[PDB]
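Below you will find one chain, with nothing else, as structure tokens; this is the form deposited in one PDB entry, and questions on how it binds or moves follow later.
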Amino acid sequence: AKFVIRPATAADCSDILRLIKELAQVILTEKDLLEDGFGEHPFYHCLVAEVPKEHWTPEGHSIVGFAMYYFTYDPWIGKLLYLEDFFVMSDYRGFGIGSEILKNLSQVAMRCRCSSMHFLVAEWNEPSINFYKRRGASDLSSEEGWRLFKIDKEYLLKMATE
């Protein structure tokens, strides 16, 4: 199908949520997406793929893919573009949407002068691993010995009132 890649706008929040859930507990609401993505200080940025009516989803939707990203920083690497999620609806793959999205993400990285694009991949997802390796990716966690940790809300609360 004919498609165009463009930045998401506040009007696209319901579609972004639809796509997140399709990519998928998702407890994020449309209201969160609007408040967090379109205020003076946005916490994420999104590129979406839009198709014309002859190709709308059965449900009658025009957005069929997205890439959610944001900028991060590492004192010993550089400014970085962090790719949080990337998803194209099954029936809309094979027409170049993903390749155009990755192309535009890369151009954005060049504009921001980012030294690298970072993202996570599950250790057992060989297909995804090889898709990214074919594009020059390296498993930083394994090569340099880095593990990802988290501290959840119940713990943060205890320390914040302590």
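Residue numbers here begin at 1 and follow the sequence given.
Same protein, other form: the form deposited with a small molecule bound, not shown, and the subject of what follows.
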Seminar exercise, completed: Partner-free chain; cross-checking the small molecule in the deposited complex, the single residue of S115, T29, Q107, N125 with a heavy atom within 4.5 Å is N125
Exercise. Quick one: does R135 come within 4.5 Å of the small molecule in the deposited complex, counting heavy atoms only?
Worked result: yes
Problem set entry | Heavy atom of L33 within 4.5 Å of the small molecule in the deposited complex | no
Exercise. Heavy atom to heavy atom, is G98 within 4.5 Å of the small molecule in the deposited complex?
Worked result: yes
Problem set entry | Interface membership of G60, the small molecule in the deposited complex, 4.5 Å heavy atom rule | no
Exercise. Looking in the deposited complex, is the small molecule within 4.5 angstroms of a heavy atom from every one of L23, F86 and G94?
Worked result: yes
Exercise. Which of these stretches, 107 to 115, 52 to 60, 127 to 135, 39 to 47, has heavy atoms within 4.5 Å of the small molecule in the deposited complex?
Worked result: 127 to 135
